[PDB]
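What follows is a structure written as structure tokens; I'll ask about it next.
Chain naming follows the written order as A, B, C, D, E, F, G, H, I, J, K and L, and within any one chain the residues start at number 1.
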Amino acid sequence: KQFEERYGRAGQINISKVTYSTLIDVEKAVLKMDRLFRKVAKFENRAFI
Amino acid sequence: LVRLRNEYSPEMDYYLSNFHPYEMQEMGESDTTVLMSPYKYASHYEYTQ
Amino acid sequence: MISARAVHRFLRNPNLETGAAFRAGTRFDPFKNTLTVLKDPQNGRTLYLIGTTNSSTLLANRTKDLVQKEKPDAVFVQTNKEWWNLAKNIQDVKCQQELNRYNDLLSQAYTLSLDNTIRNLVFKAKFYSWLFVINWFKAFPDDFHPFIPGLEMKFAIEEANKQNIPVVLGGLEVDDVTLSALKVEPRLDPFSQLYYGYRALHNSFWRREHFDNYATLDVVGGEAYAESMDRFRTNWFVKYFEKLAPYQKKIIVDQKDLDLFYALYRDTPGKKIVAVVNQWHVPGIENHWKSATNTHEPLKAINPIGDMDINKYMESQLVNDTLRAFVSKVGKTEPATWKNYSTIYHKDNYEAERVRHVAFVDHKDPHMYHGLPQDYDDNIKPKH
Amino acid sequence: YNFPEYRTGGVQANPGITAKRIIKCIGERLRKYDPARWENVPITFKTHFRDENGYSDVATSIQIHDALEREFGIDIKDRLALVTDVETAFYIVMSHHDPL
Amino acid sequence: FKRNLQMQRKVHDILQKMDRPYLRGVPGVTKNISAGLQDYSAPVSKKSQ
Amino acid sequence: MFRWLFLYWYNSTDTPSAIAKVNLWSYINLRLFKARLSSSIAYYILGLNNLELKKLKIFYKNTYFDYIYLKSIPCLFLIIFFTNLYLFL
Amino acid sequence: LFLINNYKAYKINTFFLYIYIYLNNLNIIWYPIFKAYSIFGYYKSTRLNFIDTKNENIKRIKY
Amino acid sequence: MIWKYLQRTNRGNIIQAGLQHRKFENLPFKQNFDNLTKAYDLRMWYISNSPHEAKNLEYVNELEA
Amino acid sequence: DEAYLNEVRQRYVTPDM
Amino acid sequence: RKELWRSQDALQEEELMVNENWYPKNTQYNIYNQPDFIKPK
Amino acid sequence: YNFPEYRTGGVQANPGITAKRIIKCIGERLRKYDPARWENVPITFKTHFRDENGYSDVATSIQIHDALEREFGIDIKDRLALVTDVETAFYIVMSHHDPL
Amino acid sequence: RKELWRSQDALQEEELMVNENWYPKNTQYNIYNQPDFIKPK
């Protein structure tokens, strides 16, 4: 953090807007599936938790 | 002749660029004995499940 | 007399080493790739040259607003009477897609007033075959039709009529004048055109450029591609046309650029002109206008070695000569390479060809010891 | 009559004149070979002959090799280096021991 | 380390005070042109570090 | 994350001396994965002051089939024309 | 398109579409990485476009 | 004419495909092979196309699991 | 030139290592 | 001869190149933006 | 763009420029056709193309006729007059009603 | 057109010929003894 504050970023990232949108969508989908897996695990392990 | 010592001195780190990085493919335990393919043998490492 | 400025240049930044987020330039730049302002201080005239690809609604609205607020003394639209009749009979259309729905009806305006004689029939057959081949090579989709006028021309003509200012119709890309010009040139042939069009991209560069150009046209639509057509892309397209058919490029681009410049400079009311022409005539018209009115941007002379740092080279040579002399005197030896930094082009590392620099013509030559440590003093002084 | 200079290695003694000769010959060859592209582009010392993405064209570079061979009377090894900019041409010309 | 630092100081002192005959040569032949060093490119974005 | 060896070995602070001063040798920091070249030709010429890195990139590797098919149409039509010409003559 | 929209709310057509959709997603296949490098080696293989935008690659001279 | 649908390449064949959102909306309330494969594919695609190293390493650990 | 001399002399400066 | 041969045209060209304001002058367009450019065709 | 002049008969309005054009075209043609003779001789308005005894060469004069036809876009009647000096060429060119 | 056509090269050549010190400048030898003659080869 200190180094980036003193010298700034190395440069900008050449990305596509399609890939940008898809990365955001993939992150949201991963969070949604993690929540679903958490609920499923809670229901499966109910007799032991 | 550089006689390397069993230490972590900066002198030893000077010779850090004179060695190939150690390959991790043969490390651990293998779940495949050997590839039976003659074309890819003794050059490729065994796959893992 | 002749001002030999660059007209059609598509190579942008050949001195940069671009790539990987460091681009050679921005090609989107809307509302500025299309409108150009030209001045004639001798007569106090102002020209607003609008280069349209006849495919974007945004540019059509901008042109309509420009004609509404600028209030020119004349409007020069690159259409003809037949197309204007067809378009004025079309109403309640305010987006370019709806007008694209009438592409065939508007293409009916391409009327050739040719005879039915044997020679004219042969010419018609040859011209239609060449048009088919050149449209195969052009390969534009329905939504991008730079040669079929659309909403920009219609809005310009309607706003000119509302203000009751004269409208000058310059004709389509292929009109009677250009049709006769093509009749004069006998170089029209579908088979030769196919052969020459499949040999136009003679090196990889053109090929690659070709690809990405059309690649964008396949990804973004006609409306989104009309906005992202700058001067460099336009010049690339005119040069691609020149490579496909140099004679028809000369007839259709260069000669028509000169004719449009004549019409805009002399055959017009004047003192304020809004000229909505096709996109690829803007470079030639602008160049001719600037040359005739002497309103060119000031020349900044370019020395071929202006960007060459000779001091860097000479300082490196001097530094390495001094270092060689110093190290040779320290080690009581002579230099081994005389090459400042080792690279494999001479293969001197493993072959027997040295890079030793010792040249003299006799025993009395003063320059005999140049390059050797004997040339320096014990203080590493360059002379003696 | 202008007597040619006795001392050899004059190409290496005038880096500016060598670069000027390289620029002139390369410009003439590029405008002859690819007029539609290089007839409007001024060729200076920092001008390269690659794409905007750094990809090089072999045909253009071999044309430049032929131009440099004819200008300086050298034999450029096409398999060792490819001239993709004026700097590379300068390095190749000044590295050769028989340019004239 | 100490001896190499002293030797480097000696060498840098030699290089700083050495005569530079290329500064008395013809501009554009053995020296930068009289105008100076020019950049004829038209950059559109900041160059990466 | 390094691409060039001269940048990799210039100023490295993850050397065994420091990592032993902390004594925490993470697996993700293996030197087998730290540096890797670009798989595009990159040689060295002599610039004006030092070595200059020149990259030789000849052809792209992301070509799709449509490009290959469209670039083959003249060849296929030439083959058809030559075979029919042989049949007729 | 009008006909297709008109027969969208029909239960029989929706049942056919439902069977089609169910058969589409029936066979989901997993492709593992069977080399000893595994996930981390593959991940490091996909870093080329982003290495130059990192602080350790900034020009930073010691002297 | 012929070049419009013979030479003009489709948009989908060129640009990168987007995420099929239909296949992540109604998921079964199970940690079955389908859901696990979907999660694995999502994280693998992310680490294959993301300049963000922290999320990439988190996804690497989750991918091993 | 004096400015060029200053720059080139600044090129050879031994750091206080 | 002992001196390596140089054609009189080459010697004259080098003499012209000694000048700082040298530009090719044989181009079809004014690519170097020189104020004293006359189109050769 | 430099617009050509509307007024016709500009060749007759500039006798000096017409003579300069005649001298230039005749000199180029004579140096190309007979380099061994005319490559050192300056061609001015009083220069004639006959022998020292006044005898004329038909081949040289027909070459000059061709040069004048190509330079001014005229059709010189070779059977009516023979161009043996720059003055005769000037008379022929200025007598024609369609030189350009 | 109504104006008789003249090529831009011809117009430039006439403009150059307007000057009093005009000489062909394309000769191989300095036949006009001009002080500013540069051999073109």
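General observations
By definition in this document, contacts are C-beta pairs under 8 Å (C-beta built on N, C-alpha and C of every residue); 3 or more make two chains touch, one makes a residue touch a chain.
For each chain, UniProt lists the protein as follows: C = TraB family protein; F = Ymf70.
Each chain gets a centre from its C-alpha atoms; the one nearest the centre of all protein C-alpha atoms is C. If you compare D-J with G-H, the chain pair joined by more contacting C-beta pairs is D-J. Computed from the mean C-alpha positions, the centre of chain E lies at a distance of 61 Å from the centre of chain K. With centres set at the average Cα position, the gap from chain I to chain K is 69 Å. In whole angstrom, the spacing between the mean C-alpha positions of chain A and chain G is 15.
In chain A, the residues that reach two or more other chains under the touch definition are 7, 10-14. Contact of a single residue of chain G with at least two other chains is seen at positions 38, 40, 49-50, 52-54, 57-58, 60, 62.
Multi-chain contact residues, meaning those touching two or more other chains, occur in chain C at positions 1-2, 6-7, 12-13, 15, 20-21, 23-24, 204, 302-311, 313-315, 344-345, 361. Chain B meets chain F in the complex at residues 8-10, 12-13, 16-17, 21-24. Those residues of chain D whose C-beta lies close enough to touch chain J in the complex are 1-6, 8, 14, 17, 20-21, 23-24, 27-28, 31, 39-43, 100. On chain H, the positions that touch chain G within their shared complex are 23, 33-34, 36-38, 40, 47-49, 51, 56, 60, 63-64.
The touching residues of chain L, when paired with chain J in their complex, are 9, 12, 38-39, 41.
Taken in their complex, chain A has these residues touching chain C: 11-14.
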